[PDB]
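The structure appears right after this line, and notes come after that.
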Amino acid sequence: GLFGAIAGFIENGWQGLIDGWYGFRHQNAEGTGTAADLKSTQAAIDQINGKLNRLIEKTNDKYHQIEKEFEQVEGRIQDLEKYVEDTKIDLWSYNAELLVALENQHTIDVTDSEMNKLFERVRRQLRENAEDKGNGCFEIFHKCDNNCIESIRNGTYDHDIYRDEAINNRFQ
Amino acid sequence: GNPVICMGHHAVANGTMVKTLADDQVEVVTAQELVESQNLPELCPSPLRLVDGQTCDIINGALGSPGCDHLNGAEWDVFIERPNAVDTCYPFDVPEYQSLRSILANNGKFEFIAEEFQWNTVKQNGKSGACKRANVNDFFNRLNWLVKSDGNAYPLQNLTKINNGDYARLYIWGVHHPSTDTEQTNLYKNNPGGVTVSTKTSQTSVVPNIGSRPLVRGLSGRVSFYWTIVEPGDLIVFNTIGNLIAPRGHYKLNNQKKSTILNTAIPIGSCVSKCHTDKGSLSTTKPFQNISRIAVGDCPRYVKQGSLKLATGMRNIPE
Ligand SMILES: CC(=O)N[C@@H]1[C@@H](O)[C@H](O[C@@H]2O[C@H](CO[C@]3(C(=O)O)C[C@H](O)[C@@H](NC(C)=O)[C@H]([C@H](O)[C@H](O)CO)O3)[C@H](O)[C@H](O)[C@H]2O)[C@@H](CO)O[C@H]1O
Ligand SMILES: *[C@@H]1O[C@H](CO)[C@@H](O)[C@H](O)[C@H]1NC(C)=O
Ligand SMILES: *[C@@H]1O[C@H](CO)[C@@H](O)[C@H](O)[C@H]1NC(C)=O
């Protein structure tokens, strides 16, 4: 995908993440944990179900049309009737093929994008207190207990609290 | 060591392959099929009004061949015409068959209005053993077979029906074709016979076909059927020196015609669906179907592909 996160700098997905599409996995002094991120998850889902719904009602209510099966050849008029129907089917089959390819290309870029947005959001919360390890992970240069971790996940982490400790760890 | 927080995404053990612009096999977590490839083995009698012709196709229904009485008064969105329908009456053809079939089907009702036609001295109600009704020699119940009187009189017939109603009228009439000149004269003294039908802005003449023909339902004789639509304010004039198969009235035309016909052997069931194919009704929300190009009602669009999967999730990369 365009952002190079999913199937990119993030090596693989997590089968254990079963209550969301995106999430956080951490390790600190008191253990490890995995938690889903609701906002990123909902944003992806909203955009995907949006496509679904636009798709699943244009109107095709047709009654009297033309004959489309014939027993014996008749010539000119029958040739035209068959050509019109064959023409119509090819055009609609082309539409269907292109539509799914475009939508799928977009869907995959959207999900890759939402993964990157989550990564960038967290990057910005951490400011100078963390470094990108290159695999979707940040090394956090200060003690960060379970409450600290949760503050990052819920967006209340105040970088200024840990900045002096982190700068000292990072650069000396 | 220093704490670490990793951002990631879900995955399943085995996802679904989809196509993109670039790649033709990409694995995603979930996907949805967009082509309906399954149908019901029955036709749904609701919410659309279906009329089953049974043994009688729409043309025999209109003419009133034996076995077609259930179709009198019928009204439909979709007339269900059976491939195993069978002729039960006099051997006949309709020169522009598909056009008459289309008109009857599209009109969407069989509402016949009898009229009294005062035929002069000719005898009426001719019947045949090729058209037995309840084991008795009979005829199309919408038609009146005229032949010459006992005193050998078939004089020029000439009557008019005036349309001063608020609906267009459909008159179905016919022309009988004997096998020999002797038969012609024996049935209608004159030779040749002839039928001439006119309106304000049209007039038609049919000259009877006379010749030996294959036996159909025991007979070499034939009838050819024609039709005339009479708009309000217009009228129809019948002229004959012989061979006319007369109408007993007219069918009513709807101003707006939006019904149709579907030829299929599929039985009518008890399901609910607004989409009918010749293979049976569809019950789906999918935008496309590959079941049949013959599709009537509120249907998915027919395409050539057997499958088109829409991604509904991200790329699946397990482990
Ligand atoms: C009536 C007459 O003067 N001639 C008699 C012949 O009709 C008869 O010939 C046989 O005809 C058989 C079929 O007769 C039909 C029919 O379709 O059932 C009899 C109908 O009543 C008659 N309907 C009329 C007159 O309106 C109908 C009609 O003439 C023709 O269908 C027009 O083509 O004829 C059948 O064809 C037999 O194969 C044939 O032998 C002979 C012998 O019984 O007697 C004549 O007196
Ligand atoms: C019958 O035809 C004659 C012409 O011979 C015409 O003058 C007359 O108006 C017609 N009347 C009927 C019965 O329509
Ligand atoms: C419709 O697609 C299915 C596969 O989904 C396939 O098995 C079937 O042959 C197709 N039907 C027709 C009439 O091509």
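Simple scheme: letters A, B, ... for chains in structure tokens order, numbers from 1 for residues in each chain, numbers from 1 for ligands in the order shown.
Counting only C-alpha atoms, segment 116-118 of chain A has the following residues at most 8 Å away, ignoring those fewer than 5 positions along the same chain: residues 3, 5 and 40 of chain A; 7 of chain B.
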Hey, could you make a per-residue contact list for chain B against ligand 2 with 10 Å as the cut-off, showing the nearest pair of atoms and its distance in Å to one decimal, counting only C-alpha atoms and all ligand atoms, sorted by chain and number, as a tab-separated table?
residue	atom	partner	partner_atom_place_in_ligand_line	distance
B:118	CA	ligand 2	13 (C)	9.0
B:119	CA	ligand 2	13 (C)	9.6
B:120	CA	ligand 2	13 (C)	9.8
B:156	CA	ligand 2	5 (O)	8.6
B:157	CA	ligand 2	1 (C)	7.9
B:158	CA	ligand 2	1 (C)	4.8
B:159	CA	ligand 2	13 (C)	3.9
B:160	CA	ligand 2	14 (O)	4.5
B:161	CA	ligand 2	14 (O)	8.1
B:162	CA	ligand 2	14 (O)	9.9
B:236	CA	ligand 2	14 (O)	9.2
B:237	CA	ligand 2	14 (O)	6.6
B:238	CA	ligand 2	14 (O)	8.0
B:239	CA	ligand 2	2 (O)	8.2
Write a file of the just-selected residues containing C-alpha atoms, as a PDB file, in the first residue's frame.
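The result, written out as out-v4.pdb:
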ATOM      1  CA  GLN B 118     -74.760  -8.118 -36.690  1.00  0.00           C
ATOM      2  CA  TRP B 119     -73.451 -10.345 -39.473  1.00  0.00           C
ATOM      3  CA  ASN B 120     -75.740 -10.407 -42.505  1.00  0.00           C
ATOM      4  CA  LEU B 156     -70.336  -8.500 -48.790  1.00  0.00           C
ATOM      5  CA  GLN B 157     -70.274  -7.937 -45.027  1.00  0.00           C
ATOM      6  CA  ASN B 158     -69.846  -4.360 -43.825  1.00  0.00           C
ATOM      7  CA  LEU B 159     -70.114  -3.260 -40.198  1.00  0.00           C
ATOM      8  CA  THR B 160     -68.546  -0.568 -38.044  1.00  0.00           C
ATOM      9  CA  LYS B 161     -67.637  -0.331 -34.355  1.00  0.00           C
ATOM     10  CA  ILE B 162     -67.133   3.178 -32.964  1.00  0.00           C
ATOM     11  CA  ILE B 236     -63.020   0.064 -37.105  1.00  0.00           C
ATOM     12  CA  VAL B 237     -64.774  -1.150 -40.266  1.00  0.00           C
ATOM     13  CA  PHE B 238     -64.973  -4.835 -41.199  1.00  0.00           C
ATOM     14  CA  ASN B 239     -65.477  -5.871 -44.847  1.00  0.00           C
TER      15      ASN B 239
END
Sorted per-residue table, chain A near chain B, closest atoms and distance, 6 Å, only C-alpha atoms, as CSV:
residue,atom,partner,partner_atom,distance
A:12,CA,B:317,CA,5.2
A:13,CA,B:10,CA,4.9
A:14,CA,B:10,CA,4.6
A:15,CA,B:11,CA,4.7
A:17,CA,B:10,CA,5.2
A:21,CA,B:10,CA,5.2
A:22,CA,B:9,CA,4.1
A:23,CA,B:8,CA,5.5
A:24,CA,B:7,CA,4.8
A:25,CA,B:6,CA,4.9
A:26,CA,B:5,CA,4.2
A:27,CA,B:4,CA,5.3
A:28,CA,B:3,CA,4.4
A:60,CA,B:298,CA,5.7
A:61,CA,B:298,CA,4.2
A:62,CA,B:297,CA,5.3
A:63,CA,B:296,CA,5.2
A:64,CA,B:260,CA,4.8
A:89,CA,B:303,CA,6.0
A:93,CA,B:303,CA,4.8
A:100,CA,B:310,CA,5.8
A:101,CA,B:20,CA,4.2
A:104,CA,B:311,CA,5.5
A:105,CA,B:20,CA,5.0
A:108,CA,B:314,CA,5.7
A:111,CA,B:314,CA,5.5
A:136,CA,B:7,CA,5.4
A:137,CA,B:6,CA,3.9
A:138,CA,B:5,CA,5.4
A:139,CA,B:4,CA,4.6
A:140,CA,B:3,CA,5.3
A:141,CA,B:2,CA,5.7
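When atom 25 (C, counted along the ligand's line) of ligand 1 is paired with atom CA of residue 101 of chain B, their separation reads 28.6 Å.
The two atoms in question, atom CA of residue 190 of chain B and atom CA of residue 64 of chain B, are spaced 28.6 Å apart.
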DSSP alpha helix (DSSP H) residues within segment 25-147 of chain A, as a VMD selection string: chain A and resid 38 to 55 76 to 126 146 to 147
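Of the listed residues A:129, A:172, A:113, A:146, the one whose atoms come nearest to residue 158 of chain A is A:129, with distances taken using only C-alpha atoms.
The binding environment of ligand 1, defined as every protein, DNA or RNA residue with an atom no more than 8 Å away and counting only C-alpha atoms and all ligand atoms, comprises residues 90, 125, 126, 127, 128, 129, 130, 131, 137, 145, 146, 147, 176, 177, 178, 179, 183, 186, 187, 218, 219, 220, 221 and 222 of chain B.
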Export of the given selection (C-alpha atoms) as a compact mmCIF listing (two decimals), in the first residue's frame:
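The new file result19.txt reads:
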# COMPACT_ATOMS: atom_id res chain seq x y z
CA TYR B 90 -57.54 -24.82 -34.94
CA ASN B 125 -70.32 -20.01 -34.81
CA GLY B 126 -68.52 -22.47 -37.07
CA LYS B 127 -66.62 -25.14 -35.15
CA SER B 128 -63.98 -27.85 -35.64
CA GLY B 129 -62.76 -31.23 -34.41
CA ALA B 130 -59.27 -29.76 -34.14
CA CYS B 131 -60.62 -27.50 -31.40
CA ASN B 137 -66.29 -29.77 -31.57
CA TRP B 145 -66.28 -18.44 -37.65
CA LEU B 146 -68.55 -17.26 -40.47
CA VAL B 147 -69.62 -19.41 -43.42
CA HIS B 176 -59.35 -18.82 -42.93
CA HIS B 177 -57.28 -20.66 -45.57
CA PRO B 178 -58.95 -23.62 -47.35
CA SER B 179 -56.88 -26.32 -49.08
CA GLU B 183 -63.42 -26.13 -50.32
CA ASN B 186 -68.11 -24.95 -50.43
CA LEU B 187 -67.41 -22.83 -47.34
CA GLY B 218 -55.84 -33.64 -38.58
CA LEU B 219 -56.25 -30.68 -40.91
CA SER B 220 -54.68 -28.97 -43.93
CA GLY B 221 -56.74 -25.82 -43.35
CA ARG B 222 -55.33 -22.86 -41.38
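DSSP annotation of segment 10-92 of chain B from backbone atoms: strand (DSSP E or B) residues are residues 10, 16, 17, 18, 26, 27, 28, 31, 32, 33, 35, 36, 43, 46, 47, 50, 51, 52, 75, 78, 79, 80, 81 and 92 of chain B.
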Take the residues from that selection and put them in a file with N, CA, C and O atoms, as a short mmCIF file (atom, residue, chain, number, x, y, z; two decimals), in the first residue's frame.
data_model
loop_
_atom_site.label_atom_id
_atom_site.label_comp_id
_atom_site.auth_asym_id
_atom_site.auth_seq_id
_atom_site.Cartn_x
_atom_site.Cartn_y
_atom_site.Cartn_z
N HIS B 10 -4.49 -6.25 13.14
CA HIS B 10 -4.91 -7.63 13.32
C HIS B 10 -4.56 -8.48 12.12
O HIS B 10 -4.08 -7.98 11.09
N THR B 16 -8.92 -13.99 2.49
CA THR B 16 -9.60 -14.15 1.21
C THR B 16 -8.82 -13.42 0.11
O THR B 16 -8.36 -12.29 0.32
N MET B 17 -8.65 -14.07 -1.04
CA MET B 17 -7.94 -13.46 -2.16
C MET B 17 -8.83 -12.49 -2.95
O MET B 17 -9.97 -12.82 -3.28
N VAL B 18 -8.32 -11.30 -3.24
CA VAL B 18 -9.05 -10.31 -4.06
C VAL B 18 -8.14 -9.74 -5.14
O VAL B 18 -6.92 -9.90 -5.08
N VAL B 26 -4.45 -10.91 -4.05
CA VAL B 26 -4.03 -10.25 -2.82
C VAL B 26 -4.87 -10.75 -1.65
O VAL B 26 -6.10 -10.72 -1.71
N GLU B 27 -4.23 -11.19 -0.58
CA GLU B 27 -4.96 -11.74 0.56
C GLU B 27 -5.38 -10.65 1.56
O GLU B 27 -4.53 -9.94 2.10
N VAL B 28 -6.68 -10.54 1.81
CA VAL B 28 -7.20 -9.58 2.78
C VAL B 28 -7.95 -10.30 3.90
O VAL B 28 -8.33 -11.46 3.74
N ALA B 31 -13.67 -10.31 2.96
CA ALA B 31 -14.15 -9.88 1.66
C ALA B 31 -15.60 -10.28 1.49
O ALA B 31 -16.10 -11.15 2.22
N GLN B 32 -16.27 -9.66 0.53
CA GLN B 32 -17.66 -9.96 0.25
C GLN B 32 -17.86 -10.23 -1.24
O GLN B 32 -17.40 -9.47 -2.09
N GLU B 33 -18.55 -11.33 -1.54
CA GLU B 33 -18.86 -11.68 -2.92
C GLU B 33 -19.91 -10.73 -3.48
O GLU B 33 -20.94 -10.48 -2.84
N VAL B 35 -21.08 -11.08 -6.87
CA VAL B 35 -21.84 -11.76 -7.92
C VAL B 35 -22.73 -12.85 -7.33
O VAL B 35 -22.23 -13.81 -6.74
N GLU B 36 -24.04 -12.69 -7.49
CA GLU B 36 -24.97 -13.74 -7.09
C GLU B 36 -24.94 -14.91 -8.09
O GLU B 36 -25.27 -14.74 -9.27
N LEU B 43 -40.33 -19.69 -8.43
CA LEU B 43 -40.67 -18.29 -8.68
C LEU B 43 -41.52 -17.76 -7.52
O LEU B 43 -42.50 -18.39 -7.12
N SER B 46 -44.92 -13.12 -4.84
CA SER B 46 -45.07 -11.82 -4.19
C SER B 46 -43.67 -11.21 -4.06
O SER B 46 -42.70 -11.94 -3.87
N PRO B 47 -43.56 -9.87 -4.14
CA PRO B 47 -44.59 -8.84 -4.24
C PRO B 47 -45.10 -8.57 -5.66
O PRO B 47 -46.04 -7.78 -5.80
N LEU B 50 -47.84 -12.49 -10.46
CA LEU B 50 -47.56 -13.44 -11.53
C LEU B 50 -48.83 -14.17 -11.92
O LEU B 50 -49.61 -14.60 -11.06
N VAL B 51 -49.04 -14.31 -13.23
CA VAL B 51 -50.10 -15.17 -13.75
C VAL B 51 -49.47 -16.36 -14.47
O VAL B 51 -48.68 -16.18 -15.40
N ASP B 52 -49.84 -17.57 -14.05
CA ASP B 52 -49.33 -18.78 -14.66
C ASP B 52 -50.25 -19.19 -15.81
O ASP B 52 -51.45 -19.42 -15.60
N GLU B 75 -54.89 -10.38 -14.55
CA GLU B 75 -54.06 -9.18 -14.57
C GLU B 75 -52.71 -9.57 -14.01
O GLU B 75 -52.62 -10.27 -13.01
N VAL B 78 -46.13 -9.94 -14.42
CA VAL B 78 -45.35 -10.88 -15.22
C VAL B 78 -46.19 -12.11 -15.58
O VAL B 78 -46.62 -12.85 -14.70
N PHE B 79 -46.41 -12.31 -16.87
CA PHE B 79 -47.09 -13.50 -17.36
C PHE B 79 -46.06 -14.63 -17.44
O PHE B 79 -45.00 -14.47 -18.06
N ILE B 80 -46.34 -15.75 -16.78
CA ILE B 80 -45.44 -16.90 -16.80
C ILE B 80 -45.89 -17.89 -17.87
O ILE B 80 -46.89 -18.60 -17.70
N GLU B 81 -45.16 -17.92 -18.98
CA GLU B 81 -45.51 -18.75 -20.13
C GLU B 81 -44.70 -20.04 -20.08
O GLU B 81 -43.48 -20.01 -19.92
N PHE B 92 -53.14 -22.59 -36.52
CA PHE B 92 -53.08 -21.18 -36.87
C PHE B 92 -51.67 -20.60 -36.86
O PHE B 92 -50.74 -21.16 -36.25
#
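Straight-line separation from atom CA of residue 30 of chain B to atom CA of residue 107 of chain A: 11.4 Å.
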